């Protein structure tokens, strides 16, 4: 009791986070896009209603909290998050940071300037809303660009000043986590404040256990993503991969079997609208996974239980790990 996390509806006790999905999105978009072209998603109203239905379904499956890791450049709309959070009765933690699509007004900034931006969103509020970010999202896609080095350093500095955790996008197959870890540590950030995400996009357990041994959280956060059965759809193939959800889920068991149960975070990287990729990618995704953000509790957790993972361990991963991670420290 006593520790607090900021959500889009205000502060909540850490102990009320409960079953938490730590890498999710209401909408994958771009800054200003939902405002300028809402008809892309049918309408803003259609998008919100779809998100409320999806979050209610996740709620019914036992999900109490999601962390929406949409940054500024993912077109995070904190009013949308608040509306759908309220309607579905699911907590949503908003993010600051920058993903891999920053515009020039961000790309021209120094580490100091980026630190001030991230601190604004954490300490003051996002835009004019007073809604505070509870996490900092960063990204590389292979070796960090010079700008990305600054973003990661600014993320570490903002984390150190606020206790708010950092979570990352990687190209898992390129083992980005190792360089991200080196940059974060160069700023004196504790590995326990860091989740190396999209880590289930690889089966390289040497890479994954290397990180977990150093105290990093390992985000196995793309559980439902697979283009098996869709190999003729080139865009779906490129984004989803050819590994099954069971193959992804097996990595959760693999880490637990190797002593790293306390270092795992599990999620879907799901969304209810998606404008930053090919048109109608949302229809493809909805066909593959109509369960949306209930997929983890309905499919993954029972798979693991049937493979012999004890319920206390499963509770530790889905409840205790996100609580420790999100609790500002």
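Numbering follows the first chain given and starts at 1.
Comparing 19-27 with 303-311, which stretch shows the greater average C-alpha B-factor in the deposited entry?
Going by the record's values, the stretch with the higher mean is 303-311.
Do the C-alpha atoms of 223-231 or of 245-253 have the higher average B factor in the entry?
Taking the mean B-factor of the alpha carbons in each, 223-231 is higher.
Between 97, 188, 165, 197, where does the Cα B-factor run highest in the record?
Highest C-alpha B-factor among the listed residues goes to 188.
Between 92, 138, 239, 106, where does the Cα B-factor run highest in the record?
Top of the list by C-alpha B-factor: 239.
Based on the deposited C-alpha B factors for this chain, I'd like to know if residue 14 is in the lowest, middle or highest third.
Answer is highest: the recorded C-alpha B-factor places it there.
Test of reading the entry: by CA B factor among the chain's modelled residues, which third contains residue 127?
Its C-alpha B-factor, which the entry lists for residue 127, ranks in the middle third among residues of this chain.
State the tercile, meaning the lowest, middle or highest third, of residue 71 with respect to the CA B-factors recorded for its chain.
Bottom third by C-alpha B-factor.
Going by the CA temperature factor in the PDB record, which third of the chain does residue 83 belong to: lowest, middle or highest?
Its C-alpha B-factor belongs to the highest third of this chain's values.
Please place residue 295 in the lowest, middle or highest third of its chain according to the CA B-factor in the PDB entry.
Bottom third by C-alpha B-factor.
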